[PDB]
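First comes the structure, then the notes that go with it.
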Amino acid sequence: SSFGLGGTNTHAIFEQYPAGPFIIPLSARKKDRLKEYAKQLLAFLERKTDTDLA
Amino acid sequence: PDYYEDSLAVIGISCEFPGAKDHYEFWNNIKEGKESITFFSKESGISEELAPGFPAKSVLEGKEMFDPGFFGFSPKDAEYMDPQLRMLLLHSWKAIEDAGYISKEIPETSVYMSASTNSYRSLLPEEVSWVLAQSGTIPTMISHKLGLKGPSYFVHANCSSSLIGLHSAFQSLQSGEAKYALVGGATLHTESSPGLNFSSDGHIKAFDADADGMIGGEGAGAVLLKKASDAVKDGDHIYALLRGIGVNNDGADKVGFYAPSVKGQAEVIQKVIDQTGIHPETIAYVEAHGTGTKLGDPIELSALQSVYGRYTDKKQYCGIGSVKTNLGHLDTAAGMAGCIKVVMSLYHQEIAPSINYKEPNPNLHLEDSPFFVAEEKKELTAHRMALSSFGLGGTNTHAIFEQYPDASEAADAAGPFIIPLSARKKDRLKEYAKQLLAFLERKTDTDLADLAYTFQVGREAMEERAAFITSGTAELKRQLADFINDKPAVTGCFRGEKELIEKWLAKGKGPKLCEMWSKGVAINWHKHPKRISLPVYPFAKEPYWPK
């Protein structure tokens, strides 16, 4: 629910929805960026493990 | 009877599995749905993936323990020998005793053992020192210490290795090379504790929708086998029958070394049926490979059904389960574990439940599936059961068993007989009394004529000897607590250890000989009863491991 100061009210409803060699291409505008990119993917991989490379 | 001259009989068992001291405890564990994994709360600072990397372990207490002195082994020597070898040695002794036999008395026996490469030598200090502990040393050490003449060698097919032992025994005993065959398997590792088949939560949920992997285990066991006809004629104690077994390899059909293949499994299953001709409808329960993998478990049934279906099938009449759910995956002893469980179920005519199952995997199609997943105890009112094991290698095994049906038990004709109890050390003898002691009461009515018979024969003459000449179980029992209770000279007992009239000595039966046995060489074989499974030599609890 969201109701405005104006007197405009909104309501919404949502519903619940139920290989051996990979290549990863990484790109960036700049080299630190492309480097910062690397820390974050690295960091991501650490945390979430059962994460499919495919 | 009929197709018994082409069959084997399981006449002895000994095993140790997670949460199981013995095969009897084992069974009662599975029947009641007990799960033998273990978990840790308060014991490195890696609380991370699981610490999957694997959060819980499936453990065999006392893998290190041993009784080296029993076999004329230096303590130094035990520390060099692999735990798997030690365990298989104790079990092979145990299994033959449970058969009621003295090894020495059955020279004509084959031995097939299998075990993992745990790189045990690697933990020894840096070593003069000769490498002969090899895989071959294991069966061969056993043959040597039990005085076995049968062909003795080591076989391995990874997950399928025990059924490979079972296969050898089947060919061997049929070919008349040996009268008896002894098959055992072990895995004990030498450690502390995506991209794989490891289970997310450490639960092997076989046939479950959420099966996501498997968990490792440690175990060892051995069985003693005999030709079936011989077993009945010879009067041995038979748990179950082995009708047929089959082996083959996938080939290069599937994509990958670690991929299990539908076509390959199907053929062993088909192949075995043709061998025994056994009609699938004939089969009550099937112990599946049941690893707990998303893709492995659809394949097994797919293969099973495809074979079974072309037959006088259509229904949902067969029970399908995996004991891996209880114990985990014991790489080399996986076959052994399934085998014992199936042999026990036929022995008792009950079906053990398969735990960790809440819903059925959509993929299974169980409904067209000639077989329903197990979730409760069973009623069974001979029956045949099948067993599968599929190797990591691509080598597949299937086997079928048949219930052994007839007992016409008879009361005890004679009111007194003699137990001869013995051990290689007094401390041991006492526990043996205890272990025996506990048993009598646990099994409320067991015949002693056979209990007597089996100890007279089928147990060796150790130095420490205690011979009992009672007449009634409670009578015997308390007098046992009499012996256990250490120095009260009350019983019709005879202290043991505490000269050779070997020469040409006649002996007349009729009377108390226990004294003569008490420090003597008497051959109790005149009167007869059947051999029966009772308790076995209690081995000491000495632990040996390399610092």
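As shown in the structure tokens, the chain order sets the letters A, B, ...; within each chain, residues go from 1, and ligands are also counted from 1 in the order they appear.
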Close residues, segment 35-50 of chain A itself excluded, 8 Å, only C-alpha atoms, min 6 positions apart in chain, as number ranges by chain
A: 26, 28; B: 49, 52, 194
Should the cut-off be 12 Å, what would the residue list for chain B against chain A look like, counting only C-alpha atoms, as an NGL selection string?
:B and (47-50 or 52-53 or 194-200 or 212 or 255-256)
For residue 273 of chain B, which of B:386, B:215, B:480, B:95 is the closest residue, counting only C-alpha atoms?
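Going through B:386, B:215, B:480, B:95 one by one, the smallest distance to residue 273 of chain B is for B:386.
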Residues of segment 474-505 of chain B classed as helix (DSSP H, G or I) by DSSP on the backbone are to be reported as a VMD selection string.
chain B and resid 474 to 484
Skip segment 362-373 of chain B itself and residues of its chain fewer than 5 positions away, then list as JSON, numbers by chain all residues within 9 Å of it, counting only C-alpha atoms.
{"B": [207, 208, 209, 281, 285, 286, 297, 298, 299, 301, 302, 305, 308, 309, 313, 314, 315, 316, 317, 318, 319, 320, 321, 353, 354, 357]}
Once you have the residues from the selection above, write them out as a tab-separated table (two decimals), in the first residue's frame, restricted to N, CA, C and O atoms.
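To be explicit, this is the file written out as result.tsv:
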chain	number	residue	atom	x	y	z
B	207	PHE	N	15.64	-40.66	-3.36
B	207	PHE	CA	14.32	-40.77	-3.97
B	207	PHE	C	13.42	-39.60	-3.58
B	207	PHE	O	12.25	-39.53	-3.98
B	208	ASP	N	14.01	-38.70	-2.81
B	208	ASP	CA	13.40	-37.44	-2.44
B	208	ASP	C	13.53	-36.43	-3.56
B	208	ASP	O	14.43	-36.52	-4.40
B	209	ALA	N	12.60	-35.49	-3.58
B	209	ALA	CA	12.57	-34.46	-4.61
B	209	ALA	C	13.80	-33.56	-4.48
B	209	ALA	O	14.37	-33.10	-5.48
B	281	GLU	N	8.45	-60.25	-11.12
B	281	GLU	CA	7.29	-60.18	-10.23
B	281	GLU	C	7.61	-60.90	-8.93
B	281	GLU	O	6.94	-60.72	-7.91
B	285	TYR	N	11.69	-56.64	-2.72
B	285	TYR	CA	12.39	-55.40	-2.42
B	285	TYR	C	13.63	-55.32	-3.28
B	285	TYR	O	14.21	-56.33	-3.62
B	286	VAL	N	14.03	-54.10	-3.62
B	286	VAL	CA	15.28	-53.89	-4.33
B	286	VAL	C	16.07	-52.84	-3.60
B	286	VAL	O	15.60	-51.73	-3.39
B	297	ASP	N	19.61	-40.94	-9.47
B	297	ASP	CA	18.43	-41.67	-9.00
B	297	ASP	C	17.23	-41.81	-9.93
B	297	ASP	O	16.27	-42.52	-9.62
B	298	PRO	N	17.28	-41.13	-11.08
B	298	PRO	CA	16.20	-41.21	-12.04
B	298	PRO	C	16.67	-42.31	-12.95
B	298	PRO	O	15.87	-43.11	-13.44
B	299	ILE	N	17.97	-42.34	-13.18
B	299	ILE	CA	18.56	-43.30	-14.07
B	299	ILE	C	18.41	-44.71	-13.54
B	299	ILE	O	18.11	-45.61	-14.31
B	301	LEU	N	16.18	-46.15	-11.66
B	301	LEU	CA	14.83	-46.67	-11.81
B	301	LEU	C	14.48	-46.80	-13.26
B	301	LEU	O	13.77	-47.71	-13.67
B	302	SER	N	14.98	-45.87	-14.04
B	302	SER	CA	14.74	-45.88	-15.46
B	302	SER	C	15.25	-47.18	-16.02
B	302	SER	O	14.56	-47.85	-16.80
B	305	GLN	N	13.24	-50.21	-14.45
B	305	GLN	CA	11.92	-50.33	-15.03
B	305	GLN	C	11.98	-50.89	-16.43
B	305	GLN	O	11.17	-51.73	-16.82
B	308	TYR	N	12.47	-54.44	-16.11
B	308	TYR	CA	11.36	-55.09	-15.43
B	308	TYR	C	10.11	-55.02	-16.27
B	308	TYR	O	9.32	-55.96	-16.30
B	309	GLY	N	9.94	-53.90	-16.95
B	309	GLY	CA	8.74	-53.68	-17.71
B	309	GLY	C	8.51	-54.70	-18.81
B	309	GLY	O	7.42	-55.25	-18.93
B	313	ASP	N	5.14	-57.49	-15.75
B	313	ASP	CA	5.17	-56.30	-14.98
B	313	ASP	C	3.83	-55.63	-15.16
B	313	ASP	O	2.89	-56.20	-15.70
B	314	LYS	N	3.80	-54.40	-14.67
B	314	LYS	CA	2.70	-53.49	-14.65
B	314	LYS	C	2.24	-53.74	-13.27
B	314	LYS	O	1.92	-54.84	-12.93
B	315	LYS	N	2.26	-52.67	-12.48
B	315	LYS	CA	1.88	-52.65	-11.09
B	315	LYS	C	2.73	-51.59	-10.45
B	315	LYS	O	3.27	-50.71	-11.09
B	316	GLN	N	2.80	-51.72	-9.14
B	316	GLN	CA	3.68	-51.04	-8.18
B	316	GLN	C	3.77	-51.96	-6.99
B	316	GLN	O	3.20	-51.72	-5.95
B	317	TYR	N	4.49	-53.05	-7.20
B	317	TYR	CA	4.58	-54.14	-6.23
B	317	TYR	C	5.91	-54.29	-5.48
B	317	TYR	O	6.01	-55.07	-4.52
B	318	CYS	N	6.93	-53.56	-5.92
B	318	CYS	CA	8.26	-53.79	-5.38
B	318	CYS	C	8.73	-52.63	-4.56
B	318	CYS	O	8.52	-51.48	-4.92
B	319	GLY	N	9.39	-52.94	-3.46
B	319	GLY	CA	9.91	-51.93	-2.56
B	319	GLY	C	11.30	-51.58	-3.00
B	319	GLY	O	12.07	-52.46	-3.35
B	320	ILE	N	11.61	-50.29	-3.00
B	320	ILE	CA	12.91	-49.81	-3.41
B	320	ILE	C	13.49	-48.88	-2.35
B	320	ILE	O	12.81	-47.97	-1.89
B	321	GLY	N	14.72	-49.13	-1.94
B	321	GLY	CA	15.32	-48.34	-0.86
B	321	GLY	C	16.82	-48.35	-0.88
B	321	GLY	O	17.44	-49.18	-1.55
B	353	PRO	N	12.82	-49.64	6.47
B	353	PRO	CA	12.47	-48.35	5.90
B	353	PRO	C	13.64	-47.59	5.32
B	353	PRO	O	14.80	-47.84	5.67
B	354	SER	N	13.33	-46.66	4.43
B	354	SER	CA	14.32	-45.74	3.90
B	354	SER	C	13.98	-44.36	4.42
B	354	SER	O	12.88	-43.84	4.21
B	357	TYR	N	12.93	-39.33	3.56
B	357	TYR	CA	12.06	-39.22	2.41
B	357	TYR	C	10.76	-38.59	2.82
B	357	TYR	O	10.05	-39.11	3.68
Nearest candidate to residue 461 of chain B (options B:484, B:295, B:65, B:522; using only C-alpha atoms)
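Going through B:484, B:295, B:65, B:522 one by one, the smallest distance to residue 461 of chain B is for B:522.
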Go through B:96, B:123, B:15, B:240 one by one, measure the shortest atom-to-atom distance of each to residue 191 of chain B using only C-alpha atoms, and give the residue with the smallest value.
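Closest to residue 191 of chain B of all the choices is B:123.
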Can you pull out the residues contacting residue 12 of chain A? Cut-off 9 Å, using only C-alpha atoms, and skip same-chain residues under 2 positions away; I want them as number ranges by chain.
A: 1-2, 10, 14
Those residues you just picked out, can you put them in a file as a PDB file, in the first residue's frame with N, CA and C atoms?
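File produced: selection-v8.pdb:
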ATOM      1  N   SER A   1       0.837  -1.194   0.000  1.00  0.00           N
ATOM      2  CA  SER A   1       0.000   0.000   0.000  1.00  0.00           C
ATOM      3  C   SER A   1       0.868   1.238   0.000  1.00  0.00           C
ATOM      4  N   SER A   2       0.434   2.244  -0.751  1.00  0.00           N
ATOM      5  CA  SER A   2       1.049   3.562  -0.691  1.00  0.00           C
ATOM      6  C   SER A   2      -0.008   4.613  -0.912  1.00  0.00           C
ATOM      7  N   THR A  10      -2.508   4.122  -3.766  1.00  0.00           N
ATOM      8  CA  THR A  10      -2.124   3.017  -4.633  1.00  0.00           C
ATOM      9  C   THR A  10      -2.080   1.749  -3.828  1.00  0.00           C
ATOM     10  N   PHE A  14       1.395  -8.882  -5.168  1.00  0.00           N
ATOM     11  CA  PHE A  14       2.484  -9.602  -5.784  1.00  0.00           C
ATOM     12  C   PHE A  14       2.295 -11.076  -5.531  1.00  0.00           C
TER      13      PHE A  14
END
Using only C-alpha atoms, which residues sit within 12 Å of residue 227 of chain B once same-chain residues fewer than 6 positions away are excluded, as a ChimeraX atom specification?
/B:3-11,109,169-181,233-236,238,240-243
Export of the given selection (N, CA, C and O atoms) as a compact mmCIF listing (two decimals), in the first residue's frame:
# COMPACT_ATOMS: atom_id res chain seq x y z
N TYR B 3 16.89 -75.40 -7.55
CA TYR B 3 17.97 -74.61 -8.10
C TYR B 3 18.98 -74.25 -7.04
O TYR B 3 19.59 -73.18 -7.07
N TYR B 4 19.16 -75.16 -6.10
CA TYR B 4 20.11 -74.94 -5.01
C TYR B 4 21.53 -75.41 -5.25
O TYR B 4 22.44 -75.10 -4.48
N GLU B 5 21.73 -76.20 -6.30
CA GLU B 5 23.06 -76.69 -6.58
C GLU B 5 23.85 -75.63 -7.34
O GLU B 5 25.04 -75.81 -7.58
N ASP B 6 23.19 -74.55 -7.72
CA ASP B 6 23.82 -73.47 -8.49
C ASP B 6 23.88 -72.18 -7.72
O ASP B 6 23.99 -71.10 -8.31
N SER B 7 23.80 -72.29 -6.41
CA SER B 7 23.62 -71.13 -5.58
C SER B 7 24.59 -71.13 -4.43
O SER B 7 25.21 -72.14 -4.12
N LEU B 8 24.68 -69.98 -3.80
CA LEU B 8 25.55 -69.79 -2.67
C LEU B 8 24.66 -69.53 -1.47
O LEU B 8 23.50 -69.15 -1.61
N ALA B 9 25.20 -69.76 -0.28
CA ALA B 9 24.48 -69.44 0.94
C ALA B 9 25.34 -68.58 1.81
O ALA B 9 26.53 -68.81 1.92
N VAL B 10 24.73 -67.60 2.44
CA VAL B 10 25.44 -66.77 3.38
C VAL B 10 25.31 -67.47 4.72
O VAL B 10 24.25 -67.49 5.31
N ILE B 11 26.40 -68.05 5.18
CA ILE B 11 26.38 -68.80 6.43
C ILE B 11 27.07 -68.10 7.59
O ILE B 11 26.99 -68.54 8.73
N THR B 109 39.15 -72.70 1.61
CA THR B 109 38.39 -71.48 1.62
C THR B 109 39.04 -70.41 0.78
O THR B 109 40.25 -70.24 0.81
N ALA B 169 33.47 -65.23 -5.67
CA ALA B 169 33.08 -66.34 -4.84
C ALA B 169 32.06 -67.19 -5.55
O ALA B 169 32.07 -68.41 -5.41
N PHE B 170 31.18 -66.55 -6.31
CA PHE B 170 30.16 -67.27 -7.04
C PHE B 170 30.77 -68.17 -8.11
O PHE B 170 30.39 -69.33 -8.24
N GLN B 171 31.71 -67.64 -8.88
CA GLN B 171 32.40 -68.44 -9.88
C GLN B 171 33.25 -69.51 -9.23
O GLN B 171 33.30 -70.65 -9.66
N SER B 172 33.95 -69.10 -8.19
CA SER B 172 34.92 -69.96 -7.54
C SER B 172 34.25 -71.17 -6.91
O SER B 172 34.66 -72.31 -7.13
N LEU B 173 33.20 -70.94 -6.14
CA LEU B 173 32.54 -72.02 -5.44
C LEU B 173 31.79 -72.92 -6.39
O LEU B 173 31.61 -74.10 -6.10
N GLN B 174 31.38 -72.38 -7.53
CA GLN B 174 30.72 -73.19 -8.54
C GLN B 174 31.72 -74.07 -9.25
O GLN B 174 31.40 -75.21 -9.64
N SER B 175 32.93 -73.55 -9.42
CA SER B 175 33.98 -74.23 -10.17
C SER B 175 34.71 -75.26 -9.32
O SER B 175 35.60 -75.95 -9.80
N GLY B 176 34.32 -75.38 -8.05
CA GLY B 176 34.87 -76.42 -7.20
C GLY B 176 36.29 -76.16 -6.75
O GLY B 176 36.93 -77.02 -6.14
N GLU B 177 36.79 -74.96 -7.03
CA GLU B 177 38.12 -74.61 -6.56
C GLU B 177 38.13 -74.56 -5.05
O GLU B 177 39.13 -74.86 -4.42
N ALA B 178 37.01 -74.16 -4.47
CA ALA B 178 36.96 -74.07 -3.03
C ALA B 178 35.63 -74.50 -2.47
O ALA B 178 34.59 -74.38 -3.10
N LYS B 179 35.68 -75.04 -1.26
CA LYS B 179 34.45 -75.36 -0.53
C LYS B 179 33.71 -74.16 0.11
O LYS B 179 32.50 -74.13 0.15
N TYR B 180 34.43 -73.12 0.53
CA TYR B 180 33.86 -71.99 1.28
C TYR B 180 34.46 -70.76 0.62
O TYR B 180 35.48 -70.85 -0.04
N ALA B 181 33.90 -69.56 0.74
CA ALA B 181 34.55 -68.37 0.22
C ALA B 181 34.28 -67.27 1.18
O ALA B 181 33.23 -67.23 1.81
N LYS B 233 22.84 -79.74 3.63
CA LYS B 233 23.28 -81.10 3.93
C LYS B 233 24.19 -81.07 5.14
O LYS B 233 24.08 -81.89 6.05
N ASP B 234 25.11 -80.10 5.13
CA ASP B 234 26.10 -79.97 6.19
C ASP B 234 25.52 -79.39 7.46
O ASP B 234 26.16 -79.41 8.50
N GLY B 235 24.31 -78.85 7.37
CA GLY B 235 23.60 -78.31 8.54
C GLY B 235 24.01 -76.95 9.06
O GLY B 235 23.82 -76.64 10.24
N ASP B 236 24.56 -76.12 8.19
CA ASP B 236 25.05 -74.81 8.63
C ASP B 236 23.89 -73.87 8.85
O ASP B 236 22.77 -74.14 8.41
N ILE B 238 21.95 -70.80 7.91
CA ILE B 238 21.82 -69.97 6.72
C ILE B 238 20.91 -68.77 6.93
O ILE B 238 19.73 -68.91 7.20
N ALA B 240 20.57 -66.49 4.28
CA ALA B 240 19.94 -66.17 3.00
C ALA B 240 20.66 -66.89 1.89
O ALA B 240 21.67 -67.53 2.12
N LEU B 241 20.13 -66.77 0.68
CA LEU B 241 20.73 -67.43 -0.47
C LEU B 241 21.12 -66.42 -1.51
O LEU B 241 20.43 -65.43 -1.71
N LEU B 242 22.22 -66.68 -2.20
CA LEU B 242 22.61 -65.84 -3.32
C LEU B 242 22.39 -66.59 -4.61
O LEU B 242 23.01 -67.62 -4.86
N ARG B 243 21.42 -66.14 -5.40
CA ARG B 243 21.05 -66.83 -6.63
C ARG B 243 21.97 -66.54 -7.80
O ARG B 243 22.41 -67.45 -8.50
Looking at B:271, B:429, B:168, B:58, which one is nearest to residue 540 of chain B, with distances taken over only C-alpha atoms?
B:429
